[PDB]
Amino acid sequence: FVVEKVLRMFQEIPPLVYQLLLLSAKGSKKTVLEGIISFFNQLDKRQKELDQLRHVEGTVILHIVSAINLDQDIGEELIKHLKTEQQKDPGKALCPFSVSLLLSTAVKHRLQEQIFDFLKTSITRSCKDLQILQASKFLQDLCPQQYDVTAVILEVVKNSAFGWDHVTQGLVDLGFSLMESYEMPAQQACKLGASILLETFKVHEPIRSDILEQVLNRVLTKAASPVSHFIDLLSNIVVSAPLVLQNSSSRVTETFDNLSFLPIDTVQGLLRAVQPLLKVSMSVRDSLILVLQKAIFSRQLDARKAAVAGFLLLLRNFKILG
Amino acid sequence: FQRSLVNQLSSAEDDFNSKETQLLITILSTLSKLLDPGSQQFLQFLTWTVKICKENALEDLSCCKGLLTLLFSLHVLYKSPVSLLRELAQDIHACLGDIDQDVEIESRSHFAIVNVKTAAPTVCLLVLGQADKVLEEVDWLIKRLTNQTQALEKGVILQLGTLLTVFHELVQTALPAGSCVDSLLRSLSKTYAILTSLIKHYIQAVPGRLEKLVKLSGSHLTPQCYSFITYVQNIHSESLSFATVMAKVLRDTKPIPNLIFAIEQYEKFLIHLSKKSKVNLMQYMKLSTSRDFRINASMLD
Amino acid sequence: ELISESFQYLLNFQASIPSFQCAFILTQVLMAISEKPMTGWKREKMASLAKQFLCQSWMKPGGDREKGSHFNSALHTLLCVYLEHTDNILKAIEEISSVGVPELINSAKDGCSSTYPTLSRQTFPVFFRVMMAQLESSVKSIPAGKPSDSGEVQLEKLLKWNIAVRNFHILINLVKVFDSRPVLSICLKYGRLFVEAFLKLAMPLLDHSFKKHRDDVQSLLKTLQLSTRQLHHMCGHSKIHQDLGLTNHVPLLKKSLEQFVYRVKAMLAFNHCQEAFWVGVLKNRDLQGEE
């Protein structure tokens, strides 16, 4: 009755809900978690028709993630509650505040694999349900409502552009992990990861270098399978910001050192993407010319074909007019 | 492009050019996707296709298959297709005989495209595929069912009520011994499983509509399946008379046990609902019927 | 030598035992001292001791019998260890089912059977369950029919199957007298297991030996038909009376009983004798009656 009444009894919000978090660590965590999540849900819905509200949201989720890190037992009950909500409603209880809170907790390895698995299965189920509903009008007549989860996952990008720290970290982690998860709904998931990475690069100005380093390292990790979509993402991210590549240089040469290992026509895309880096800088041009000289004199055809194919792009890139 | 097809269909039998008609139908199918479903042009196109299928009569198998596929692809996006399936089931039932062998049926030819030549496994598999799609749709909807609840249940019950008539019409057809029988038996087992899944919800969660559905299933579908199972014995025996024989027999006789198992599962859950709700739902369903066997030693020589 | 000496020392106590429970723990400790898979002479002595305890009569000092739940559990375990170690399981089952039950029903108005005083109208379901389960386990042990690799081994295998079928028929016939719900539940549960074991194991043998031997195969199938018919009638009775405990076993049993017929048709088709096969509808009949 106490928690119900004080939940009914809604600046001073973060200390107050911190006190309730301690009391519910003594008492029942699920009820207060549901109450606060719902309350912020109608707050956001009212806002749908703000800066202080976003600051309050960031502060309170910071207190919640700090408390959950202090006491990790609450997380299992929270995930059980969310599983029950997902069972009870067709993708309901997944709002921008809730997913922001979930992403904030997915940085300290507190069962982050479980978080990613839950999000992935929910996303695939939502996409499959929408796909089935779109096919027939008889379904559309009876079941008009639809809970598209991609809409909220895109909206939390804009919601998290006001300075939240853990939220963007978890968001980038999910966006990267979706690429490995995808390895058709899988194409939808891959496009969904590419869109999230493009949006969070376009938004998070201070975090450009970390994203560039992460995608560059992932691109040249191992040529086990086709990674052409990674190269498309590389082109899309680098074409937006030209000077960004210059700051994070001297890693391009390391990738160039072993380009002629598993070329599947991705070398043309990579060279076309990083051509702006090559034209402005002469050191990269010298290193690439050295690699091409190594390739052309090679005695094996497999490396030779990629070498001459890249060599053609090198020749056509630079104008010889004067 | 409609004029060329209209001209070729009305041409004399001397010059037909079946490949031209097939390509024209495929082009029409490809171009139909551009039309907006809400436009009046879509309704005009549907009316033209239905008129063409009803009026003309064709003997080529591929042309009829293409035309019916086009018609169903249009009809799914606009309304439920069960009425057309019922009409086609009645037409194919009229075209061929009946297993009873003491009943006379005359005329009632709704569609001229369906005739004695065309009532082959083509139209029988084409109809059963659409029925399977409808059943998968209803299976998806029922799991969502588990003020809105009343509307959803009222919507769900009508589909099964209409589909039972289609299967009742098709069960009483003396079909050939091919894949058309196997598809029929497998679809029968599937629909009984769907009815079981529906009843399990009311177990977990009485009304007049469900009682009417159970009465209809008991009266129209349950007794006919056993008669069909008797007829297919003679059908398969006559087929095997003309012709790895053990593998052929096992493949031919495979789906009957699954049908029996599905019927008994439905009966079991129906009894559970009956005794947990104080309604004698079992009054509608008759007793079961079982098959024995014997060996004629005289005919062994 | 030490194990054998201790075994003899403990076995010497069998004369003076005050009640059932002491004997039950005596069998437990005797089994515990021995190895996992017991050896010949110890196995024979254990079987003799178990039968000796089974054939005795246990009464309290104040008269009356020892009817109770703990008595039932001890009796179940004693029957299990007795049948697990007998020289020929089917001979023992046939002897019990052909002697003890008829002398119970024919004579004993309210008492027990002369040969087996432990057997009584309260304890009959325990005997029925143990005998049926052990029969199914014994049937499952027979090897499968090899692809016509057996010369004169098929005779021995057919003899074993014939004995098993006769025992199954005798056990099935007892259900007509005792109409208790546990009896029907046990028989419905285990009849399907016996039938699927027969389909999985026996039919490859009848495929590859129908040409050489014919009369034995037809007699075997004709004997099995009676038990299958009575199983159908029991399923019908359980469905009519609407017993929730009983109806759970009907569907799988009916599925297997339907598979049996078409497997026989495949057996005939394997030897180009498909013209002789015939199928018809079986008239419904209640238990111990008609219509």
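Before any of the text, the structure's been laid out above.
Residues numbered from 1 in each chain as written, not as in the entry; some residues may be left out. Chains lettered and ligands numbered in written order. Part of a larger assembly, values for the part shown. Heavy atoms only, no water. Residues with missing side-chain atoms left out of burial classes, pairs and counts.

**Student:** What's the story with the overall build of chain A in this structure? I'm lost.
**Tutor:** Within chain A, the regular secondary structure consists of 18 helices and zero strands. Taken along its principal axes, the extent of the C-alpha atoms in chain A is 80 × 50 × 35 Å. (Helix = DSSP H or I, 4+ residues; strand = E, 2+ residues; numbered from the N terminus.)

**Student:** Sorry, what's going on with the overall build of chain C here?
**Tutor:** When you go through chain C residue by residue, the secondary structure sums to eleven helices and one strand. In sequence order, the secondary structure elements of chain C are arranged as α-α-α-α-α-α-α-α-α-α-α-β. Referenced to the eigenvectors of the C-alpha coordinate spread, the extents of chain C come out at roughly 70 × 50 × 30 Å. Within chain C, contacts between residues separated by at least 24 positions form 73% of all contacts whose residues are at least 6 apart in sequence. (Contact = heavy atoms within 4.5 Å.)

**Student:** Sorry if this is basic, but what is going on with the packing of aromatic side chains here?
**Tutor:** Aromatic ring pairs: the centre-centre distance and the angle between the two ring planes describe each pair. Ring geometry for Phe10 of chain A and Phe39 of chain A: centres 5.1 Å apart, planes at 55 degrees, overall tilted. A centroid spacing of 5.3 Å and a plane angle of 70 degrees characterise the contact between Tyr9 of chain C and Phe13 of chain C, whose relative ring orientation is edge-to-face. Cluster of aromatic residues (ring-pair linked, three or more members): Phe10, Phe39, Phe40 and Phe97 of chain A. Above the face of the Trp278 of chain C ring, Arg294 of chain B is positioned so that its terminal group lies 4.2 Å from the ring centre. When the ring centre of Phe261 of chain B is taken as origin, the NZ or CZ atom of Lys255 of chain C, which lies over that ring, is 5.6 Å away. (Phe/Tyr/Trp six-rings, centres within 6.5 Å; stacked < 30°, edge-to-face > 60°. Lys NZ or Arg CZ within 6 Å of the ring centre and 35° of its normal.)

**Student:** Looking at this structure, I do not really get the environment of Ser227 of chain C. What am I missing?
**Tutor:** All names here are of chain C. Here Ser227 lies in helix α9 (residues 215-241). The sequence separation of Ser227 and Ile170 amounts to 57 residues, and the corresponding C-alpha distance is 9.2 Å. Of note is the side chain of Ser227, whose polar atom sits 2.9 Å from the backbone oxygen of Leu224. (Polar contact = N/O pair within 3.5 Å; in protein donor to acceptor, adjacent residues only side chain to side chain.)

**Student:** Looking at this model, I keep getting lost on the interface of chain C and chain B. Mind explaining?
**Tutor:** Interfaces are often sized by the amount of accessible area the parts lose when they come together. At the interface, 36 residues of chain C touch 30 residues of chain B. Counting residues per element, the side of chain C that touches chain B draws most heavily on helix α11 (residues 250-269) of chain C, at 15 residues. Residues belonging to the side of chain C that touches chain B are distributed by class as follows: 20 nonpolar, nine polar and seven charged. As paired strands, strand β1 (residues 290-295) of chain B and strand β1 (residues 277-282) of chain C are joined by six bridges and run antiparallel to one another. Bridge pairing in β1 of chain C places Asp292 of chain B opposite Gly280 of chain C. (Nonpolar A, V, L, I, M, F, W, Y, C, P; charged D, E, K, R; others polar. Pairing = 2+ DSSP bridges.)

**Student:** Even after reading the chapter, I still don't get the interface of chain A and chain B, so can you show me in this structure?
**Tutor:** With eight residues of chain A in contact, the opposing surface of chain B contributes eleven residues. Put simply, the parts of the chain that give the side of chain A that touches chain B at least two residues each are α7 (112-135) and α8 (137-142) of chain A. When grouped by side-chain class, the residues that make up the side of chain A that touches chain B number seven nonpolar, no polar and one charged.

**Student:** Sorry, what's going on with the pattern of salt bridges here?
**Tutor:** Once their charged atoms are close, side chains differing in charge can pair, the charge on each being opposite to the other. Residues and elements named next belong to chain C. A salt bridge links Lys42 to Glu35; the nearest nitrogen and oxygen atoms lie 3.5 Å apart. In this structure, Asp207 and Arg263 form a salt bridge, with 3.8 Å as the shortest nitrogen-oxygen distance. You can see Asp207 sitting in helix α8 (residues 181-208) and its partner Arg263 sitting in helix α11, a full 56 residues away along the chain. (Salt bridge = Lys/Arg side-chain N within 4 Å of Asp/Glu carboxyl O.)

**Student:** Whenever I open this one, the packing of α8 of chain C against α9 of chain C confuses me. Can you help?
**Tutor:** Helix-helix packing: each pair is described by the crossing angle between the helix axes and the interaxial distance. All names here are of chain C. One way to put it is that α8 packs onto α9 with a least axis distance of 11 Å and a crossing angle of 150 degrees. Overall, the two elements α8 and α9 adopt an arrangement that is roughly antiparallel. In terms of crossing hand, the pair formed by α8 and α9 is left-handed. Judged by residue contacts, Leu184, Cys187, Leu188, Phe194, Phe198 and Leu206 of α8 engage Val217, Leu220, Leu224, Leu231, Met234, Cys235 and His237 from α9. (Axes fitted to C-alpha atoms, helices over the stretch in contact; angles between N-to-C directions. Parallel < 35°, antiparallel > 145°, perpendicular 65-115°, else oblique. Left-handed = near helix turned anticlockwise from the far one by under 90°.)

**Student:** Explanation requested: the arrangement of the chains in the structure shown.
**Tutor:** Looking at the two pairs of chains with contacts, the pair that accumulates the most is chains B and C. One finds no contact linking chain A with chain C; the least C-alpha distance across the pair is 29 Å.

**Student:** In this structure, what is going on with unusual backbone geometry? I would like to understand it.
**Tutor:** Outside of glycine, negative phi angles account for most residues, and trans bonds account for most peptide bonds. With a phi angle near 60 degrees, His109 of chain A is a residue other than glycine that sits in the positive phi range. Looking at where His109 of chain A falls in the secondary structure, it is placed in the loop between α6 (96-104) and α7. The phi angle at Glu152 of chain C is positive, at roughly 75 degrees, despite the residue not being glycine.

**Student:** Even after reading the chapter, I still don't get the packing of helix α5 (residues 82-95) of chain B against helix α7 (residues 148-171) of chain B, so can you show me in this structure?
**Tutor:** All names here are of chain B. With their axes 8 Å apart at the nearest point, α5 and α7 run at an angle of 15 degrees to one another. Accordingly, the angle class assigned to the pair α5 and α7 is roughly parallel. As for how α5 packs across α7, the hand of that crossing is left-handed. Across the interface between the two elements, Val82, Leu85, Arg86, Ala89, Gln90, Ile92 and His93 of α5 pack against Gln159, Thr162, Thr165, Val166, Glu169 and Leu170 of α7. Residue composition of the contact of α5 with α7, by class: six nonpolar, five polar and two charged.

**Student:** Just to check I follow, could you spell out the environment of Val264 of chain C for this structure?
**Tutor:** Note on placement: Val264 of chain C falls in helix α11. Along the primary structure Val264 of chain C and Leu206 of chain C are separated by 58 residues, whereas in three dimensions their C-alpha atoms are 9.5 Å apart.

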